[PDB]
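Please read the structure below before turning to the comments.
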Amino acid sequence: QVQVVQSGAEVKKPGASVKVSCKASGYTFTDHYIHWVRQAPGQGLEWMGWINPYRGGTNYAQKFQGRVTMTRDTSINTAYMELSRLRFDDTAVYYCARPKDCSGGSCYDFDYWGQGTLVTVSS
Amino acid sequence: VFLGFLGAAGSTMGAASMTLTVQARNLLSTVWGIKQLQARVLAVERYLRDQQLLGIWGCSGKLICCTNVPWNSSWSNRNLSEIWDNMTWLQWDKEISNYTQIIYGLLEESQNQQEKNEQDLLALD
Amino acid sequence: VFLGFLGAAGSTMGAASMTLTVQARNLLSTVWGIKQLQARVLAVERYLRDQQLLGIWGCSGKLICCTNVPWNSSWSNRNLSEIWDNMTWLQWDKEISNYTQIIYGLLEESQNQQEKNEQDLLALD
Amino acid sequence: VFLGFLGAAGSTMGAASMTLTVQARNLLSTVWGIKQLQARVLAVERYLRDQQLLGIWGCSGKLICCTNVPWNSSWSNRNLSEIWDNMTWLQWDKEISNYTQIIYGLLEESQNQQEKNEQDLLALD
Amino acid sequence: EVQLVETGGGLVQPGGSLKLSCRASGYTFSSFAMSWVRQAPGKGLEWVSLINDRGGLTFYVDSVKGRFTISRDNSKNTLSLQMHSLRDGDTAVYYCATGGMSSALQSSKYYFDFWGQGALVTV
Amino acid sequence: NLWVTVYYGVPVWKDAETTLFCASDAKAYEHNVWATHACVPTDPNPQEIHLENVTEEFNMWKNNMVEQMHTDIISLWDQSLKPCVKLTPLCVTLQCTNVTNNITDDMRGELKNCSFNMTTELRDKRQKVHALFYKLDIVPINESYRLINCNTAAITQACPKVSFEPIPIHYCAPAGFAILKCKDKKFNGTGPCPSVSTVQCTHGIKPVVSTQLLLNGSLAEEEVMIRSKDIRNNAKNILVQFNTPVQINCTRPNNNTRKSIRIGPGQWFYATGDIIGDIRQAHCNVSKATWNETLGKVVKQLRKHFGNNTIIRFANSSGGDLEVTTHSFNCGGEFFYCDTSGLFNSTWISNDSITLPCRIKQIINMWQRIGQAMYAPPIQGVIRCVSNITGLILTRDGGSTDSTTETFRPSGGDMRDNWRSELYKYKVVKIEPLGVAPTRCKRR
Amino acid sequence: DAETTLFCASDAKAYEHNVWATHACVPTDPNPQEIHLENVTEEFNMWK
Amino acid sequence: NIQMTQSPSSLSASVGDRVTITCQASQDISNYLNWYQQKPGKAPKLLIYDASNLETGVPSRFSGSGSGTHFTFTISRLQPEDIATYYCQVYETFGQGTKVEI
Ligand SMILES: *[C@@H]1O[C@H](CO)[C@@H](O[C@@H]2O[C@H](CO)[C@@H](O[C@@H]3O[C@H](CO[C@H]4O[C@H](CO)[C@@H](O)[C@H](O)[C@@H]4O)[C@@H](O)[C@H](O[C@H]4O[C@H](CO)[C@@H](O)[C@H](O[C@H]5O[C@H](CO)[C@@H](O)[C@H](O)[C@@H]5O)[C@@H]4O)[C@@H]3O)[C@H](O)[C@H]2NC(C)=O)[C@H](O)[C@H]1NC(C)=O
Ligand SMILES: *[C@@H]1O[C@H](CO)[C@@H](O[C@@H]2O[C@H](CO)[C@@H](O[C@@H]3O[C@H](CO)[C@@H](O)[C@H](O)[C@@H]3O)[C@H](O)[C@H]2NC(C)=O)[C@H](O)[C@H]1NC(C)=O
Ligand SMILES: *[C@@H]1O[C@H](CO)[C@@H](O[C@@H]2O[C@H](CO)[C@@H](O[C@@H]3O[C@H](CO)[C@@H](O)[C@H](O)[C@@H]3O)[C@H](O)[C@H]2NC(C)=O)[C@H](O)[C@H]1NC(C)=O
Ligand SMILES: *[C@@H]1O[C@H](CO)[C@@H](O[C@@H]2O[C@H](CO)[C@@H](O[C@@H]3O[C@H](CO)[C@@H](O)[C@H](O)[C@@H]3O)[C@H](O)[C@H]2NC(C)=O)[C@H](O)[C@H]1NC(C)=O
Ligand SMILES: *[C@@H]1O[C@H](CO)[C@@H](O[C@@H]2O[C@H](CO)[C@@H](O[C@@H]3O[C@H](CO)[C@@H](O)[C@H](O)[C@@H]3O)[C@H](O)[C@H]2NC(C)=O)[C@H](O)[C@H]1NC(C)=O
Ligand SMILES: *[C@@H]1O[C@H](CO)[C@@H](O[C@@H]2O[C@H](CO)[C@@H](O[C@@H]3O[C@H](CO)[C@@H](O)[C@H](O)[C@@H]3O)[C@H](O)[C@H]2NC(C)=O)[C@H](O)[C@H]1NC(C)=O
Ligand SMILES: *[C@@H]1O[C@H](CO)[C@@H](O[C@@H]2O[C@H](CO)[C@@H](O)[C@H](O)[C@H]2NC(C)=O)[C@H](O)[C@H]1NC(C)=O
Ligand SMILES: *[C@@H]1O[C@H](CO)[C@@H](O[C@@H]2O[C@H](CO)[C@@H](O)[C@H](O)[C@H]2NC(C)=O)[C@H](O)[C@H]1NC(C)=O
Ligand SMILES: *[C@@H]1O[C@H](CO)[C@@H](O[C@@H]2O[C@H](CO)[C@@H](O)[C@H](O)[C@H]2NC(C)=O)[C@H](O)[C@H]1NC(C)=O
Ligand SMILES: *[C@@H]1O[C@H](CO)[C@@H](O[C@@H]2O[C@H](CO)[C@@H](O)[C@H](O)[C@H]2NC(C)=O)[C@H](O)[C@H]1NC(C)=O
Ligand SMILES: *[C@@H]1O[C@H](CO)[C@@H](O[C@@H]2O[C@H](CO)[C@@H](O)[C@H](O)[C@H]2NC(C)=O)[C@H](O)[C@H]1NC(C)=O
Ligand SMILES: *[C@@H]1O[C@H](CO)[C@@H](O[C@@H]2O[C@H](CO)[C@@H](O)[C@H](O)[C@H]2NC(C)=O)[C@H](O)[C@H]1NC(C)=O
Ligand SMILES: *[C@@H]1O[C@H](CO)[C@@H](O)[C@H](O)[C@H]1NC(C)=O
Ligand SMILES: *[C@@H]1O[C@H](CO)[C@@H](O)[C@H](O)[C@H]1NC(C)=O
Ligand SMILES: *[C@@H]1O[C@H](CO)[C@@H](O)[C@H](O)[C@H]1NC(C)=O
Ligand SMILES: *[C@@H]1O[C@H](CO)[C@@H](O)[C@H](O)[C@H]1NC(C)=O
Ligand SMILES: *[C@@H]1O[C@H](CO)[C@@H](O)[C@H](O)[C@H]1NC(C)=O
Ligand SMILES: *[C@@H]1O[C@H](CO)[C@@H](O)[C@H](O)[C@H]1NC(C)=O
Ligand SMILES: *[C@@H]1O[C@H](CO)[C@@H](O)[C@H](O)[C@H]1NC(C)=O
Ligand SMILES: *[C@@H]1O[C@H](CO)[C@@H](O)[C@H](O)[C@H]1NC(C)=O
Ligand SMILES: *[C@@H]1O[C@H](CO)[C@@H](O)[C@H](O)[C@H]1NC(C)=O
């Protein structure tokens with residue numbers, strides 16, 4: 001029984017840095033990628049990036065390059081995502097999606113999305 | 001494959017002789033890996049020993065093979081009806097197991113060996 | 001031994017049927033020792049399963065064996081020229097794999113079994 | 001089983017040819033468990049290689065098999081008496097081992113293959 | 001385009017011998033069974049002998065069973081008929097023809113499709 | 001009219017998976033991480049039969065030979081490491097200072113001179129020893145140092161006699177199975193191959209463990225080959241195979257010692273100890289011009305998939321471990337991690353040497369197992385090394401806001417793609433020798 | 001009557017860590033086939 | 001990268017009828033398109049993966065079919081549990097989304 005737990009909602013300030021996390025149990029952590037997708041309030045889904053939990057390989061969307069940093073800890077089976085230089089538009093529900101088995105399938109069909117994490121950027 | 005396996009075990013020998021292929025198909029398929037491999041190898045060499053016994057007689061590639069060894073009434077004095085219509089193969093094996101080796105010895109002593117030699121010689125004339 | 005192995009794989013079935021012995025000779029030859037032994041044992045029992053299938057038909061010790069099973073046009077309605085002079089064995093297998101089990105069942109159902117029983121009976125008269 | 005094994009090794013080839021079944025019955029039966037299993041598997045696949053060689057000729061299930069390959073005096077120019085009444089099988093093997101592969105090649109080249117094809121064709125008329 | 005030319009017909013004394021030959025062109029010689037059929041001058045056709053496509057199987061009418069010998073060479077595209085102990089009944093025009101049988105991998109060809117010119121043998 | 005006829009020896013095969021044994025010449029020595037417990041001697045006559053009129057579907061991305069090689073190589077690493085010295089008495093507090101020897105500014109802080117108490121052959125006596133440790137192997141116990149794996153894993157010394165030099169291994173099929181080789185020179189590893197042959201064993205494949213660059217691999221015959229499970233998917237790595245290789249010159253200039261310390265009754269710990277002469281950074285040189293023409297060819301072949309007018313950008317790795325963020329490899333016995341930021345730093349519009357600094361490491365978790373690490377003993381002398389860069393493993397950047405440009409970065413880590421680059425043309429098939437067909441012949 | 005080494009079949013579903021079916025036994029059989037042997041009386045002994 | 005267009009942007013339909021949503025890709029993407037359902041205040045839930053296969057636990061009334069450039073998501077009956085925003089996805093790109101309504 002796969003469980004994808006996520007950190008609690010947070011409130012930050014312009015120029016701050018947020019560090020979300022994503023505990024993922026019930027499967028081999030290093031077999032599946034971990035994608036990060038943010039949904040702005042009342043808007044469509046936007047894909048931030050993915051991390052390969054095997055050796056920490058990361059792919060970031062172009063607009064987040066330099067500001068986002070995905071990391072992992074395999075011992076406790078959790079993926080972290082740090083967003084720096086926060087701005088007002090960064091207010092969103094950040095989800096950690098787990099695609100199905102990456103070895104013999106695409107790393108983009110997401111079974112378990114986990115709970116969200118509401119980050120609010122305000123002054 | 002496994003369907004009907006030994007289903008005619010309680011049938012008469014005559015009736016169980018029409019189902020020989022279900023019981024013939026079923027004779028061929030860490031430390032526990034070694035155990036499974038030993039089981040598989042044992043099954044293989046057993047099957048090959050039985051096929052070798054069939055082949056040193058004239059019965060190679062045959063599930064029913066008629067021979068030139070006469071039946072001796074010292075092994076069983078029942079008439080064909082008691083054997084093929086009243087008895088089962090398990091009862092027959094229980095009755096005839098004491099002479100089985102004599103019968104096998106006679107099967108490979110003279111009939112197949114002298115037959116083969118005589119066919120060696122008949123291929124000259 | 002390995003020379004010409006599968007060389008007629010793209011030949012016509014008629015032409016590839018003259019090279020059956022090159023593909024028949026090639027079916028018989030720590031943890032990794034167990035792996036190699038498992039491979040060898042698997043090859044042996046596979047070869048023996050194929051030989052058992054040949055033997056429960058009338059095809060023991062034969063690479064080409066004619067039978068008494070008629071061909072049904074529900075399996076393939078091509079004429080001999082399309083099969084043995086225009087098609088290859090891989091294409092034929094792709095075409096006929098859906099009926100292969102029916103054909104095998106017919107091969108061991110009546111022809112070899114009733115033949116054997118009839119030869120049992122013809123050795124009486 | 002082991003009785004008489006290789007007892008006719010020093011007999012003449014003609015006299016040793018009457019004891020082929022004693023030497024044919026004897027070809028079929030932790031790290032040391034793997035060693036014993038490797039020995040058993042090797043014996044099995046060797047026996048099967050020999051039986052395959054017999055079967056790709058017309059010699060399946062036979063300990064003596066007459067063929068259609070003529071004898072060439074380039075392999076041995078002795079008369080039957082020197083071979084079957086004066087020589088032993090070990091001496092004959094020492095004499096004929098240089099041509100054995102040529103003889104095997106001829107046995108499976110034309111005689112069994114063309115025979116089989118000709119019996120395929122004779123089952124048409 | 002098929003051509004079958006017979007050579008070797010002539011005069012031979014009774015009890016003699018004669019080798020008829022038939023050279024074939026215009027088709028695959030090795031893919032056809034061959035036959036020899038003789039017609040005595042005032043009488044009708046009579047089948048003499050038959051040989052398969054590979055040249056391994058030979059069949060004869062019982063009147064010439066031990067005396068005649070049909071053979072072929074596929075490399076040279078030739079069909080030979082050796083005749084020994086010739087009797088007076090063998091006086092005929094001999095035709096080499098293609099057909100008589102076929103391989104198991106071919107349709108039945110129980111007929112003589114392409115005939116030759118003829119070779120006159122007189123005893 | 002027609003009758004069933006049974007044929008045995010029919011040339012028909014199916015797709016299947018099996019255990020492949022490994023053939024190897026295994027000459028020399030009188031101590032190999034691979035061909036000592038698993039594989040067997042080679043074949044004097046490698047026989048290859050071309051299967052004419054044969055078109056066969058291949059798929060390098062669902063090849064079980066790659067998985068078998070992965071499992072075999074991991075297991076062979078473990079087996080080679082089993083009969084060696086366990087270095088559990090070296091998880092103690094280390095008093096470390098900077099190296100007083102002449103050190104270049106680049107190498108300042110990289111090496112630490114660490115003094116510590118160690119066991120002797122007699123269990124009731126202790127020895128005061130000192131050793132040189134790279135900074136990447138050494139974690140401060142508090143904000144006194146400790147090795148890096150002491151919190152997480154036990155450490156085992158690699159046997160110095162056992163050499164880490166790849167030797168070729170040929171993967172051979174058992175009886176009843178065949179290996180089909182795709183002989184097409186433009187093949188991208190998926191789909192129908194018209195030119196097929198059958199082989200007893202694969203070619204000599206060196207199990208080279210590396211990231212971001214395929215060293216000592218095979219070369220493409222005609223052109224640079226771009227291969228990907230899905231070229232449109234940024235999550236899938238892109239395997240680039242070169243047609244001409246790029247020579248790479250690697251070296252650790254330090255003249256190094258190997259001090260032997262008797263830690264146990266018969267157990268030895270091989271530390272670095274001292275350096276004779278100056279201390280300089282390990283590094284790898286490649287030719288600037290050769291790299292330029294190779295990257296131009298790679299761009300030319302990438303534009304086939306990504307459009308002819310698009311801008312192809314080469315940038316360094318976005319992140320990950322030191323194994324994947326750098327060209328990690330091992331030749332000479334020591335484990336190099338080279339910054340390839342100079343290799344990948346370009347923008348190609350549609351229209352001398354490079355020196356890569358390298359850091360050495362002695363504590364390695366090669367396959368990221370839990371509770372297991374290896375100590376690589378130091379090598380006496382100066383280690384140099386020459387290799388052929390024969391390919392790349394790339395990753396395309398996703399979520400591009402600009403549609404005119406595409407960015408490709410180094411990738412790796414999963415070595416199943418390192419030997420997918422070698423086993424792409426091979427396919428294991430399973431012989432089905434029994435066929436049934438109609439003939440006019442009838443049994444009597 | 002004879003004695004032999006019996007292999008163990010097991011469905012082994014779940015988990016992604018079993019004291020038994022991880023090194024010794026093998027997957028199950030979709031169709032468990034049982035054939036009733038009619039006219040068969042057989043001597044059993046659970047204690048041997 | 002691969003642009004997508006998902007239509008209709010907003011759909012209102014009564015219970016029982018079928019809902020057909022269409023996603024059009026910017027190029028050939030084989031069958032690697034996924035359909036997700038997102039209820040308000042909850043994470044998206046995958047219904048269709050590889051554009052034809054059905055995720056386990058999904059009722060059979062949800063179905064998808066398509067290839068190449070064009071893909072279609074079909075909900076045969078608008079049962080009351082189904083009111084949610086539906087998204088198509090190819091690789092990193094998510095569709096603009098469509099909200100069914102009663
Ligand atoms: C890609 O492929 C390339 C080609 O294969 C690889 O390069 C090769 O790398 C290997 C490994 O480093 C090199 O092998 C070394 O070569 C030297 C010996 O070869 C020659 O060297 C001398 C001149 O250079 C010459 O005089 C010699 O006679 C000889 O011909 C040595 O560096 C080294 O030898 C050592 O090998 C043993 C195992 O490593 C080692 O035990 C020995 O030393 C130890 O033992 C002795 C005796 O007990 C002691 O005296 C020593 O103190 C020590 O304890 C022995 O000295 C080794 O063979 C190879 O030369 C090189 N080839 C080329 C063409 O450059 C790349 O590495 C590959 N790349 C990757 C990433 O894998
Ligand atoms: C178990 O043993 C019993 C005998 O104790 C076997 O019963 C016999 O079964 C056959 C086959 O069903 C019966 O043949 C049928 O009989 C009637 C005439 O009686 C006829 O309608 C049919 O033509 C058919 O031949 C037979 O009568 C019956 N004999 C008895 C009860 O004496 C039974 O087959 C055995 N079952 C096994 C081995 O599975
Ligand atoms: C691959 O398929 C081709 C057909 O697409 C096969 O070509 C055929 O090869 C045979 C044997 O060499 C040729 O027979 C020869 O032909 C000429 C007359 O054309 C004649 O001089 C000879 O007597 C001989 O029979 C045949 O012509 C040729 N047929 C074609 C090209 O249509 C080829 O054999 C296949 N190769 C394999 C399976 O290895
Ligand atoms: C070992 O070699 C010797 C020859 O060097 C073999 O001796 C032969 O043995 C046979 C069988 O016992 C003898 O045949 C018998 O001979 C006499 C007539 O001499 C007769 O009474 C019997 O009818 C019978 O045939 C044979 O004479 C004898 N020949 C000799 C000594 O020249 C011996 O058999 C070999 N032993 C083996 C292979 O075990
Ligand atoms: C790492 O530090 C150790 C000390 O913990 C260094 O070795 C020690 O260095 C001192 C000063 O060079 C040595 O003392 C000298 O020894 C020579 C004879 O070897 C003598 O002629 C001089 O008068 C002086 O006493 C000392 O022996 C040596 N060992 C110890 C245990 O103290 C080591 O060189 C350092 N390594 C690096 C790379 O900096
Ligand atoms: C990789 O490329 C670099 C840069 O070209 C090479 O460094 C150069 O190496 C040479 C040969 O050792 C050095 O020449 C020597 O330098 C010293 C100081 O003058 C002295 O021992 C000699 O008089 C001689 O000139 C050269 O200075 C050095 N250049 C730089 C900029 O570091 C390096 O050797 C190459 N490494 C390989 C192929 O492994
Ligand atoms: C190695 O062990 C010695 C003792 O054999 C340690 O020396 C002791 O260090 C402590 C802590 O500073 C002092 O309180 C003791 O007085 C010292 N004892 C002696 C006899 O000198 C030494 O610190 C250890 N060295 C290491 C871990 O590098
Ligand atoms: C990498 O090393 C190789 C040799 O392993 C070097 O090749 C030699 O280069 C020199 C200098 O140009 C030539 O004189 C030699 O003929 C070359 N061959 C050999 C066998 O020595 C190569 O130059 C090095 N490449 C660099 C530093 O880019
Ligand atoms: C690495 O350092 C060792 C330290 O000994 C050097 O070995 C000595 O080399 C000289 C020649 O320069 C020989 O005369 C000595 O006999 C060697 N002594 C030994 C092995 O104990 C070695 O040459 C250095 N190697 C380099 C700089 O490549
Ligand atoms: C990839 O290259 C970038 C620069 O293009 C490196 O980022 C720099 O890293 C250095 C060293 O930590 C910092 O001093 C700079 O401030 C960084 N610059 C920027 C713009 O971020 C990056 O470290 C390189 N990555 C790898 C894996 O080598
Ligand atoms: C990556 O590329 C940039 C631009 O080519 C390199 O930086 C330039 O290097 C020249 C010298 O060749 C300097 O004079 C410029 O000031 C640099 N430009 C910029 C924008 O920094 C940079 O060093 C490269 N990074 C590598 C090779 O790691
Ligand atoms: C580096 O690459 C070159 C070029 O491929 C290799 O040299 C070739 O070696 C093969 C070995 O079979 C020969 O057949 C070729 O003739 C060689 N080509 C040339 C141009 O010399 C060289 O061996 C490779 N070096 C390493 C260390 O792998
Ligand atoms: C039958 O067996 C007896 C011994 O039980 C034996 O003496 C007799 O000769 C045998 N009969 C035949 C015909 O073989
Ligand atoms: C077979 O002979 C043994 C000799 O001990 C005897 O005990 C047994 O009862 C005999 N069996 C039969 C069926 O005659
Ligand atoms: C051929 O197959 C059909 C079913 O496909 C079957 O009904 C028919 O009886 C078969 N014909 C013969 C002659 O067996
Ligand atoms: C065999 O039957 C299956 C049934 O699903 C079908 O999918 C397949 O196309 C059939 N093959 C042939 C060659 O008729
Ligand atoms: C016998 O062998 C020789 C070569 O030693 C060969 O030339 C000759 O044709 C062979 N004879 C026969 C009849 O096959
Ligand atoms: C067989 O041929 C080899 C060739 O080297 C030769 O040495 C040997 O003496 C020959 N043996 C016989 C029995 O002729
Ligand atoms: C020792 O090296 C460290 C970096 O590892 C540095 O911060 C410190 O100042 C150095 N101390 C010296 C040279 O005394
Ligand atoms: C690989 O080549 C095949 C044709 O052989 C083609 O259909 C396929 O799209 C190619 N793969 C890629 C990623 O371009
Ligand atoms: C790199 O290659 C391109 C190919 O167009 C060339 O224009 C450029 O000058 C090269 N750069 C260097 C530094 O050699």
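Below, read A as the first sequence line, B as the second, and so on, with proteins coming before strands; counting in each chain starts at 1.
If you take CD on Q119(C) and SG on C66(B), they are separated by 9.0 Å, rounding to the nearest 0.5 Å. A distance of 11.5 Å separates CG of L48(C) from CD of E45(B), quoted to the nearest 0.5 Å.
For a residue to count as touching a neighbouring chain, one of its non-hydrogen atoms must lie under 4.5 Å from one of that chain's; by this rule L37(C) touches chain B with backbone and side chain alike. Neither the backbone nor the side chain of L53(C) comes within less than 4.5 Å of any heavy atom of chain B.
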Worksheet entry | Test side-chain contact (heavy atoms from CB on, under 4.5 Å) applied to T30(B) and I34(C), step by step | CA-CA 9 Å; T30(B) 37; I34(C) 286 174; over 6 Å; no
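If you tally non-hydrogen atom pairs under 4.5 Å between each of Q36(B), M18(B), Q51(B), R40(B) and chain C, the highest count goes to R40(B).
More than 12 heavy atoms of other shown residues, nucleotides or ligands fall within 6.0 angstrom of atom CZ in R78(C).
Inspection of non-hydrogen atoms places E108(C), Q113(C), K116(C) of residues 79-118 of chain C under 4.5 Å from chain B.
Proximity of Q52(C) to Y47(B): side-chain heavy atoms (C-beta onward) are separated by under 4.5 Å at one or more points.
Of all heavy-atom pairs between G61(B) and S60(C), the closest is CA-OG, 3.6 Å.
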